[PDB]
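Have a look at target_36.pdb; it's PDB, C-alpha atoms:
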ATOM      1  CA  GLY N   1      95.347-115.945  87.256  1.00  0.00           C
ATOM      2  CA  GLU N   2      97.531-117.357  90.063  1.00  0.00           C
ATOM      3  CA  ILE N   3      98.381-113.881  91.424  1.00  0.00           C
ATOM      4  CA  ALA N   4      94.781-112.641  91.181  1.00  0.00           C
ATOM      5  CA  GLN N   5      93.521-115.839  92.859  1.00  0.00           C
ATOM      6  CA  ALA N   6      95.969-115.572  95.777  1.00  0.00           C
ATOM      7  CA  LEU N   7      94.961-111.918  96.234  1.00  0.00           C
ATOM      8  CA  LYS N   8      91.262-112.885  96.359  1.00  0.00           C
ATOM      9  CA  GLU N   9      92.058-115.455  99.065  1.00  0.00           C
ATOM     10  CA  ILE N  10      94.040-112.814 100.989  1.00  0.00           C
ATOM     11  CA  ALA N  11      91.114-110.385 100.703  1.00  0.00           C
ATOM     12  CA  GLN N  12      88.681-113.025 102.035  1.00  0.00           C
ATOM     13  CA  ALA N  13      90.893-113.972 105.012  1.00  0.00           C
ATOM     14  CA  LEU N  14      91.347-110.276 105.907  1.00  0.00           C
ATOM     15  CA  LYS N  15      87.585-109.680 105.779  1.00  0.00           C
ATOM     16  CA  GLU N  16      87.038-112.594 108.196  1.00  0.00           C
ATOM     17  CA  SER N  17      89.794-111.306 110.455  1.00  0.00           C
ATOM     18  CA  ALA N  18      88.346-107.757 110.471  1.00  0.00           C
ATOM     19  CA  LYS N  19      84.921-109.107 111.517  1.00  0.00           C
ATOM     20  CA  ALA N  20      86.464-111.102 114.381  1.00  0.00           C
ATOM     21  CA  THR N  21      88.594-108.110 115.485  1.00  0.00           C
ATOM     22  CA  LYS N  22      85.436-105.988 115.669  1.00  0.00           C
ATOM     23  CA  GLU N  23      83.660-108.628 117.810  1.00  0.00           C
ATOM     24  CA  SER N  24      86.695-108.864 120.091  1.00  0.00           C
ATOM     25  CA  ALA N  25      86.882-105.057 120.444  1.00  0.00           C
ATOM     26  CA  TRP N  26      83.216-104.929 121.523  1.00  0.00           C
ATOM     27  CA  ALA N  27      83.751-107.692 124.110  1.00  0.00           C
ATOM     28  CA  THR N  28      86.854-105.874 125.447  1.00  0.00           C
ATOM     29  CA  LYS N  29      84.764-102.687 125.854  1.00  0.00           C
ATOM     30  CA  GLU N  30      82.183-104.710 127.802  1.00  0.00           C
ATOM     31  CA  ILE N  31      84.940-106.094 130.047  1.00  0.00           C
ATOM     32  CA  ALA N  32      86.239-102.554 130.705  1.00  0.00           C
ATOM     33  CA  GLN N  33      82.710-101.397 131.564  1.00  0.00           C
ATOM     34  CA  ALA N  34      82.106-104.368 133.908  1.00  0.00           C
ATOM     35  CA  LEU N  35      85.402-103.766 135.741  1.00  0.00           C
ATOM     36  CA  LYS N  36      84.729-100.023 136.119  1.00  0.00           C
ATOM     37  CA  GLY N  37      81.418-100.866 137.841  1.00  0.00           C
TER      38      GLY N  37
ATOM     39  CA  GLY M   1     106.542-118.172  89.935  1.00  0.00           C
ATOM     40  CA  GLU M   2     108.350-116.549  92.887  1.00  0.00           C
ATOM     41  CA  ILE M   3     105.719-113.801  93.318  1.00  0.00           C
ATOM     42  CA  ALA M   4     102.805-116.251  93.071  1.00  0.00           C
ATOM     43  CA  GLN M   5     104.493-118.597  95.578  1.00  0.00           C
ATOM     44  CA  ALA M   6     105.107-115.821  98.135  1.00  0.00           C
ATOM     45  CA  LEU M   7     101.459-114.731  97.753  1.00  0.00           C
ATOM     46  CA  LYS M   8     100.253-118.307  98.402  1.00  0.00           C
ATOM     47  CA  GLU M   9     102.331-118.383 101.604  1.00  0.00           C
ATOM     48  CA  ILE M  10     100.858-115.005 102.621  1.00  0.00           C
ATOM     49  CA  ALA M  11      97.336-116.337 101.941  1.00  0.00           C
ATOM     50  CA  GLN M  12      97.984-119.434 104.098  1.00  0.00           C
ATOM     51  CA  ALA M  13      99.400-117.418 107.031  1.00  0.00           C
ATOM     52  CA  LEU M  14      96.414-115.033 106.904  1.00  0.00           C
ATOM     53  CA  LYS M  15      93.959-117.950 106.895  1.00  0.00           C
ATOM     54  CA  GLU M  16      95.635-119.307 110.042  1.00  0.00           C
ATOM     55  CA  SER M  17      95.624-115.851 111.622  1.00  0.00           C
ATOM     56  CA  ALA M  18      91.899-115.358 110.820  1.00  0.00           C
ATOM     57  CA  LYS M  19      91.067-118.686 112.526  1.00  0.00           C
ATOM     58  CA  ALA M  20      93.056-117.710 115.638  1.00  0.00           C
ATOM     59  CA  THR M  21      91.461-114.232 115.736  1.00  0.00           C
ATOM     60  CA  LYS M  22      88.013-115.843 115.604  1.00  0.00           C
ATOM     61  CA  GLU M  23      88.860-118.219 118.491  1.00  0.00           C
ATOM     62  CA  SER M  24      90.224-115.298 120.499  1.00  0.00           C
ATOM     63  CA  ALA M  25      87.045-113.276 119.856  1.00  0.00           C
ATOM     64  CA  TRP M  26      84.840-116.191 121.053  1.00  0.00           C
ATOM     65  CA  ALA M  27      86.878-116.559 124.263  1.00  0.00           C
ATOM     66  CA  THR M  28      86.795-112.772 124.868  1.00  0.00           C
ATOM     67  CA  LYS M  29      83.005-112.828 124.541  1.00  0.00           C
ATOM     68  CA  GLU M  30      82.909-115.586 127.162  1.00  0.00           C
ATOM     69  CA  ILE M  31      85.073-113.474 129.492  1.00  0.00           C
ATOM     70  CA  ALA M  32      82.694-110.490 129.023  1.00  0.00           C
ATOM     71  CA  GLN M  33      79.691-112.744 129.772  1.00  0.00           C
ATOM     72  CA  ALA M  34      81.368-114.146 132.924  1.00  0.00           C
ATOM     73  CA  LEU M  35      82.231-110.648 134.210  1.00  0.00           C
ATOM     74  CA  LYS M  36      78.685-109.244 133.530  1.00  0.00           C
TER      75      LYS M  36
ATOM     76  CA  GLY Z   1     113.802-109.480  92.628  1.00  0.00           C
ATOM     77  CA  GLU Z   2     112.954-106.566  94.953  1.00  0.00           C
ATOM     78  CA  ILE Z   3     109.202-107.314  94.839  1.00  0.00           C
ATOM     79  CA  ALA Z   4     109.704-111.052  95.435  1.00  0.00           C
ATOM     80  CA  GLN Z   5     112.087-110.318  98.337  1.00  0.00           C
ATOM     81  CA  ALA Z   6     109.658-107.902 100.043  1.00  0.00           C
ATOM     82  CA  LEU Z   7     106.874-110.494  99.645  1.00  0.00           C
ATOM     83  CA  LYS Z   8     109.050-113.186 101.282  1.00  0.00           C
ATOM     84  CA  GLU Z   9     109.653-110.844 104.237  1.00  0.00           C
ATOM     85  CA  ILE Z  10     105.891-110.164 104.444  1.00  0.00           C
ATOM     86  CA  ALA Z  11     105.199-113.919 104.400  1.00  0.00           C
ATOM     87  CA  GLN Z  12     107.708-114.508 107.225  1.00  0.00           C
ATOM     88  CA  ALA Z  13     106.316-111.707 109.434  1.00  0.00           C
ATOM     89  CA  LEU Z  14     102.753-113.019 108.905  1.00  0.00           C
ATOM     90  CA  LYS Z  15     103.812-116.559 109.832  1.00  0.00           C
ATOM     91  CA  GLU Z  16     105.315-115.236 113.092  1.00  0.00           C
ATOM     92  CA  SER Z  17     102.212-113.170 113.786  1.00  0.00           C
ATOM     93  CA  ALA Z  18      99.902-116.161 113.157  1.00  0.00           C
ATOM     94  CA  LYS Z  19     101.888-118.317 115.634  1.00  0.00           C
ATOM     95  CA  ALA Z  20     101.665-115.583 118.299  1.00  0.00           C
ATOM     96  CA  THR Z  21      97.923-115.055 117.664  1.00  0.00           C
ATOM     97  CA  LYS Z  22      97.354-118.792 118.160  1.00  0.00           C
ATOM     98  CA  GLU Z  23      99.269-118.755 121.482  1.00  0.00           C
ATOM     99  CA  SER Z  24      97.293-115.696 122.602  1.00  0.00           C
ATOM    100  CA  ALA Z  25      93.979-117.368 121.631  1.00  0.00           C
ATOM    101  CA  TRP Z  26      94.851-120.444 123.737  1.00  0.00           C
ATOM    102  CA  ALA Z  27      95.742-118.260 126.766  1.00  0.00           C
ATOM    103  CA  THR Z  28      92.479-116.261 126.332  1.00  0.00           C
ATOM    104  CA  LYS Z  29      90.525-119.533 126.371  1.00  0.00           C
ATOM    105  CA  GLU Z  30      92.309-120.443 129.617  1.00  0.00           C
ATOM    106  CA  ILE Z  31      91.332-117.072 131.115  1.00  0.00           C
ATOM    107  CA  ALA Z  32      87.688-117.678 130.106  1.00  0.00           C
ATOM    108  CA  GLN Z  33      87.798-121.142 131.710  1.00  0.00           C
ATOM    109  CA  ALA Z  34      89.325-119.742 134.942  1.00  0.00           C
ATOM    110  CA  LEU Z  35      86.686-116.986 135.186  1.00  0.00           C
ATOM    111  CA  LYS Z  36      83.805-119.423 134.516  1.00  0.00           C
ATOM    112  CA  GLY Z  37      84.987-121.526 137.483  1.00  0.00           C
TER     113      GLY Z  37
ATOM    114  CA  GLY F   1      91.604-104.745  86.818  1.00  0.00           C
ATOM    115  CA  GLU F   2      91.246-107.970  88.849  1.00  0.00           C
ATOM    116  CA  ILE F   3      94.527-107.368  90.734  1.00  0.00           C
ATOM    117  CA  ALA F   4      93.686-103.715  91.451  1.00  0.00           C
ATOM    118  CA  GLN F   5      90.185-104.697  92.643  1.00  0.00           C
ATOM    119  CA  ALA F   6      91.483-107.377  95.028  1.00  0.00           C
ATOM    120  CA  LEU F   7      94.012-104.854  96.405  1.00  0.00           C
ATOM    121  CA  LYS F   8      91.224-102.279  96.991  1.00  0.00           C
ATOM    122  CA  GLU F   9      89.286-104.910  98.965  1.00  0.00           C
ATOM    123  CA  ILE F  10      92.446-105.721 100.957  1.00  0.00           C
ATOM    124  CA  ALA F  11      92.958-102.007 101.681  1.00  0.00           C
ATOM    125  CA  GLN F  12      89.347-101.636 102.897  1.00  0.00           C
ATOM    126  CA  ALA F  13      89.476-104.709 105.175  1.00  0.00           C
ATOM    127  CA  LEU F  14      92.771-103.485 106.695  1.00  0.00           C
ATOM    128  CA  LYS F  15      91.317-100.021 107.328  1.00  0.00           C
ATOM    129  CA  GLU F  16      88.410-101.633 109.215  1.00  0.00           C
ATOM    130  CA  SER F  17      90.778-103.875 111.144  1.00  0.00           C
ATOM    131  CA  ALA F  18      93.031-100.911 112.096  1.00  0.00           C
ATOM    132  CA  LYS F  19      90.010 -98.991 113.449  1.00  0.00           C
ATOM    133  CA  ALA F  20      88.885-101.988 115.531  1.00  0.00           C
ATOM    134  CA  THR F  21      92.437-102.572 116.839  1.00  0.00           C
ATOM    135  CA  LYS F  22      92.562 -98.949 117.981  1.00  0.00           C
ATOM    136  CA  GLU F  23      89.199 -99.268 119.788  1.00  0.00           C
ATOM    137  CA  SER F  24      90.351-102.524 121.403  1.00  0.00           C
ATOM    138  CA  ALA F  25      93.630-100.895 122.540  1.00  0.00           C
ATOM    139  CA  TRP F  26      91.696 -98.058 124.238  1.00  0.00           C
ATOM    140  CA  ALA F  27      89.449-100.559 126.070  1.00  0.00           C
ATOM    141  CA  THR F  28      92.525-102.616 127.137  1.00  0.00           C
ATOM    142  CA  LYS F  29      94.079 -99.444 128.582  1.00  0.00           C
ATOM    143  CA  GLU F  30      90.866 -98.875 130.557  1.00  0.00           C
ATOM    144  CA  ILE F  31      91.077-102.416 131.935  1.00  0.00           C
ATOM    145  CA  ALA F  32      94.703-101.779 132.996  1.00  0.00           C
ATOM    146  CA  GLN F  33      93.660 -98.514 134.693  1.00  0.00           C
ATOM    147  CA  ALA F  34      90.760-100.241 136.527  1.00  0.00           C
ATOM    148  CA  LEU F  35      93.019-103.048 137.786  1.00  0.00           C
ATOM    149  CA  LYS F  36      95.590-100.365 138.921  1.00  0.00           C
TER     150      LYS F  36
ATOM    151  CA  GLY Y   1     110.176 -98.442  92.717  1.00  0.00           C
ATOM    152  CA  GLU Y   2     106.762 -97.148  93.921  1.00  0.00           C
ATOM    153  CA  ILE Y   3     105.440-100.730  94.206  1.00  0.00           C
ATOM    154  CA  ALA Y   4     108.669-102.089  95.720  1.00  0.00           C
ATOM    155  CA  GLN Y   5     108.825 -99.137  98.150  1.00  0.00           C
ATOM    156  CA  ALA Y   6     105.225 -99.609  99.342  1.00  0.00           C
ATOM    157  CA  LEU Y   7     105.918-103.332  99.832  1.00  0.00           C
ATOM    158  CA  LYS Y   8     109.025-102.547 101.940  1.00  0.00           C
ATOM    159  CA  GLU Y   9     106.899-100.265 104.151  1.00  0.00           C
ATOM    160  CA  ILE Y  10     104.279-103.028 104.452  1.00  0.00           C
ATOM    161  CA  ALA Y  11     107.013-105.522 105.420  1.00  0.00           C
ATOM    162  CA  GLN Y  12     108.335-103.149 108.117  1.00  0.00           C
ATOM    163  CA  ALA Y  13     104.883-102.477 109.630  1.00  0.00           C
ATOM    164  CA  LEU Y  14     104.141-106.228 109.719  1.00  0.00           C
ATOM    165  CA  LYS Y  15     107.465-106.961 111.433  1.00  0.00           C
ATOM    166  CA  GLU Y  16     106.620-104.404 114.139  1.00  0.00           C
ATOM    167  CA  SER Y  17     103.128-105.811 114.525  1.00  0.00           C
ATOM    168  CA  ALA Y  18     104.436-109.403 114.807  1.00  0.00           C
ATOM    169  CA  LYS Y  19     106.866-108.380 117.587  1.00  0.00           C
ATOM    170  CA  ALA Y  20     104.073-106.639 119.524  1.00  0.00           C
ATOM    171  CA  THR Y  21     101.696-109.605 119.057  1.00  0.00           C
ATOM    172  CA  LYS Y  22     104.368-111.923 120.484  1.00  0.00           C
ATOM    173  CA  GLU Y  23     104.868-109.659 123.548  1.00  0.00           C
ATOM    174  CA  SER Y  24     101.100-109.467 124.036  1.00  0.00           C
ATOM    175  CA  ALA Y  25     100.797-113.265 123.806  1.00  0.00           C
ATOM    176  CA  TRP Y  26     103.420-113.687 126.555  1.00  0.00           C
ATOM    177  CA  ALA Y  27     101.589-111.205 128.822  1.00  0.00           C
ATOM    178  CA  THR Y  28      98.240-112.978 128.133  1.00  0.00           C
ATOM    179  CA  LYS Y  29      99.829-116.288 129.178  1.00  0.00           C
ATOM    180  CA  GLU Y  30     100.944-114.599 132.415  1.00  0.00           C
ATOM    181  CA  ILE Y  31      97.388-113.377 133.016  1.00  0.00           C
ATOM    182  CA  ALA Y  32      96.085-116.941 132.498  1.00  0.00           C
ATOM    183  CA  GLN Y  33      98.711-118.267 134.962  1.00  0.00           C
ATOM    184  CA  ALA Y  34      97.809-115.593 137.569  1.00  0.00           C
ATOM    185  CA  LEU Y  35      94.078-116.348 137.299  1.00  0.00           C
ATOM    186  CA  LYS Y  36      94.617-120.139 137.510  1.00  0.00           C
ATOM    187  CA  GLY Y  37      96.447-119.622 140.830  1.00  0.00           C
TER     188      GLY Y  37
ATOM    189  CA  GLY B   1      98.790 -95.890  89.432  1.00  0.00           C
ATOM    190  CA  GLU B   2      95.872 -97.918  90.839  1.00  0.00           C
ATOM    191  CA  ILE B   3      98.049-100.773  92.168  1.00  0.00           C
ATOM    192  CA  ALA B   4     100.621 -98.416  93.711  1.00  0.00           C
ATOM    193  CA  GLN B   5      97.831 -96.331  95.291  1.00  0.00           C
ATOM    194  CA  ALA B   6      96.113 -99.361  96.864  1.00  0.00           C
ATOM    195  CA  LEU B   7      99.501-100.506  98.213  1.00  0.00           C
ATOM    196  CA  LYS B   8     100.108 -97.069  99.784  1.00  0.00           C
ATOM    197  CA  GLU B   9      96.702 -97.293 101.506  1.00  0.00           C
ATOM    198  CA  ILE B  10      97.553-100.817 102.709  1.00  0.00           C
ATOM    199  CA  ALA B  11     100.891 -99.546 104.070  1.00  0.00           C
ATOM    200  CA  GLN B  12      99.139 -96.689 105.933  1.00  0.00           C
ATOM    201  CA  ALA B  13      96.477 -98.960 107.491  1.00  0.00           C
ATOM    202  CA  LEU B  14      99.178-101.419 108.631  1.00  0.00           C
ATOM    203  CA  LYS B  15     101.216 -98.611 110.208  1.00  0.00           C
ATOM    204  CA  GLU B  16      98.128 -97.519 112.177  1.00  0.00           C
ATOM    205  CA  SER B  17      97.409-101.110 113.167  1.00  0.00           C
ATOM    206  CA  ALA B  18     101.025-101.667 114.321  1.00  0.00           C
ATOM    207  CA  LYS B  19     100.836 -98.554 116.550  1.00  0.00           C
ATOM    208  CA  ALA B  20      97.570 -99.748 118.120  1.00  0.00           C
ATOM    209  CA  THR B  21      98.925-103.298 118.609  1.00  0.00           C
ATOM    210  CA  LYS B  22     101.940-101.849 120.442  1.00  0.00           C
ATOM    211  CA  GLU B  23      99.674 -99.791 122.749  1.00  0.00           C
ATOM    212  CA  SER B  24      97.512-102.854 123.388  1.00  0.00           C
ATOM    213  CA  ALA B  25     100.599-104.968 124.198  1.00  0.00           C
ATOM    214  CA  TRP B  26     101.744-102.371 126.778  1.00  0.00           C
ATOM    215  CA  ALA B  27      98.295-102.339 128.440  1.00  0.00           C
ATOM    216  CA  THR B  28      98.249-106.177 128.504  1.00  0.00           C
ATOM    217  CA  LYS B  29     101.644-106.166 130.225  1.00  0.00           C
ATOM    218  CA  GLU B  30     100.245-103.749 132.816  1.00  0.00           C
ATOM    219  CA  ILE B  31      97.277-106.066 133.421  1.00  0.00           C
ATOM    220  CA  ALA B  32      99.645-109.040 133.904  1.00  0.00           C
ATOM    221  CA  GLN B  33     101.741-107.013 136.359  1.00  0.00           C
ATOM    222  CA  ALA B  34      98.638-105.884 138.324  1.00  0.00           C
ATOM    223  CA  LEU B  35      97.315-109.455 138.594  1.00  0.00           C
ATOM    224  CA  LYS B  36     100.721-110.836 139.683  1.00  0.00           C
ATOM    225  CA  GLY B  37     100.737-108.329 142.574  1.00  0.00           C
TER     226      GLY B  37
END
Any chance you could put this one into structure tokens?
Amino acid sequence: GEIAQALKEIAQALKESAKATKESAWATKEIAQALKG
Amino acid sequence: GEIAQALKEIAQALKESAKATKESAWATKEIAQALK
Amino acid sequence: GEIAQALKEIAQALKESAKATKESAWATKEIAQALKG
Amino acid sequence: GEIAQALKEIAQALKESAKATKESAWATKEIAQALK
Amino acid sequence: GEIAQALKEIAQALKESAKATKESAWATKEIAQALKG
Amino acid sequence: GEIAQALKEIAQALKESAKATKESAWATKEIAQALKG
């Protein structure tokens, strides 16, 4: 109940964080490419 | 209980971290766009 | 217990990480603003 | 169970995040190298 | 035992990650300061 | 078994993430140093 619910909230937050980390990684690659020329 | 309470604190910290990671990603996209 | 104690340490590390991620996000926004002009 | 299932989802999200963090680290190293 | 042990390893990895995130945040602030000036 | 196994996978992913975060922090420090002069 309480434990399962907290774990579901943790899972959801980590999914959102993973998506944002992916988007950030792509942008960082674009920065590297722009600075290389 | 003690386990449930710790897990709620973990959930809250991860929610805050997810929000900050999103804001960082948006700003990094803006940097990429400015440099392109 | 041992499980509760480990979870408290996890909570504390995640709180510290969240604070640092927020500070980093703010600085990244400032970089974006400086590069936009 | 419900607990096991949530933990499997947590594991999967963290695997994806670890991969992205690695890719980001490599790109950040390339930025450092470009700037000198 | 197995659960407690895994949780201790998780705690340790998160402590290391938090320290590195803090150091990164400081460096990002320095980047922002350099680009503002 | 299932809970312990998921926790071991979580531990392993977090170890990998910590290593990458450390490498990223070092590179960010190098960027700060390059931009400072």
If the box runs along x, y and z of the file and leaves 8 Å on each side of stretch 3-12 of chain Z, what are its centre and edge lengths in Å, one decimal, as lines of an AutoDock Vina configuration file?
center_x = 108.6
center_y = -110.9
center_z = 101.0
size_x = 22.9
size_y = 23.2
size_z = 28.4
| message | With all atoms listed in the file as the counted atoms, please give the residues lying no more than 12 Å from residue N:19, apart from itself and same-chain residues fewer than 6 positions off, as an MDAnalysis selection string. | response | (chainID N and resid 12:13 25:26) or (chainID M and resid 18:19 21:22 25:26) or (chainID F and resid 13:21)
12 Å contacts from chain Y to chain M using all atoms listed in the file, as a compact mmCIF listing (two decimals) with C-alpha atoms, in the coordinates of the input:
# COMPACT_ATOMS: atom_id res chain seq x y z
CA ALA Y 11 107.01 -105.52 105.42
CA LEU Y 14 104.14 -106.23 109.72
CA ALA Y 18 104.44 -109.40 114.81
CA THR Y 21 101.70 -109.60 119.06
CA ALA Y 25 100.80 -113.26 123.81
CA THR Y 28 98.24 -112.98 128.13
CA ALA Y 32 96.08 -116.94 132.50
Where does chain B end up after superposition onto chain Y over all in-order Cα pairs? Give it as a short mmCIF file (atom, residue, chain, number, x, y, z; two decimals) with C-alpha atoms, in the coordinates of the input.
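The resulting file, result-v3.cif, is shown below:
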data_model
loop_
_atom_site.label_atom_id
_atom_site.label_comp_id
_atom_site.auth_asym_id
_atom_site.auth_seq_id
_atom_site.Cartn_x
_atom_site.Cartn_y
_atom_site.Cartn_z
CA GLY B 1 110.13 -98.25 92.44
CA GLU B 2 106.79 -97.16 93.94
CA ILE B 3 105.38 -100.71 94.25
CA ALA B 4 108.60 -102.12 95.72
CA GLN B 5 108.82 -99.19 98.17
CA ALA B 6 105.23 -99.63 99.41
CA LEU B 7 105.91 -103.37 99.85
CA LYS B 8 109.03 -102.62 101.93
CA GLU B 9 106.95 -100.33 104.18
CA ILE B 10 104.30 -103.06 104.48
CA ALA B 11 107.01 -105.59 105.42
CA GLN B 12 108.40 -103.23 108.10
CA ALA B 13 104.97 -102.51 109.65
CA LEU B 14 104.18 -106.25 109.76
CA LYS B 15 107.51 -107.01 111.45
CA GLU B 16 106.70 -104.41 114.14
CA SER B 17 103.19 -105.81 114.52
CA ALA B 18 104.50 -109.40 114.85
CA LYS B 19 106.89 -108.32 117.64
CA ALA B 20 104.07 -106.57 119.52
CA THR B 21 101.71 -109.55 119.04
CA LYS B 22 104.36 -111.85 120.53
CA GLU B 23 104.77 -109.56 123.58
CA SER B 24 101.00 -109.40 123.99
CA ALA B 25 100.73 -113.21 123.78
CA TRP B 26 103.34 -113.59 126.56
CA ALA B 27 101.46 -111.12 128.81
CA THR B 28 98.16 -112.96 128.13
CA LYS B 29 99.80 -116.24 129.15
CA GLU B 30 100.94 -114.57 132.38
CA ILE B 31 97.39 -113.37 133.06
CA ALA B 32 96.04 -116.92 132.50
CA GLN B 33 98.67 -118.33 134.87
CA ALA B 34 97.88 -115.70 137.56
CA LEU B 35 94.13 -116.39 137.37
CA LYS B 36 94.63 -120.19 137.51
CA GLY B 37 96.56 -119.74 140.78
#
| request: Would you kindly translate the PyMOL selection byres ((chain M and resi 36) around 10) into the concrete residues it picks from this file, as a PyMOL selection string? | output: (chain N and resi 30-31+33-35+37) or (chain M and resi 30-35)
| Separation of atom CA of residue N:2 from atom CA of residue Y:3 in Å |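 Value for the atom CA of residue Y:3-atom CA of residue N:2 distance: 18.9 Å.
For the pair atom CA of residue M:27 and atom CA of residue Y:20, the separation is 20.4 Å.
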| Pairwise distance for atom CA of residue F:10 and atom CA of residue Y:9, rounded to one decimal in Å | 15.8 Å
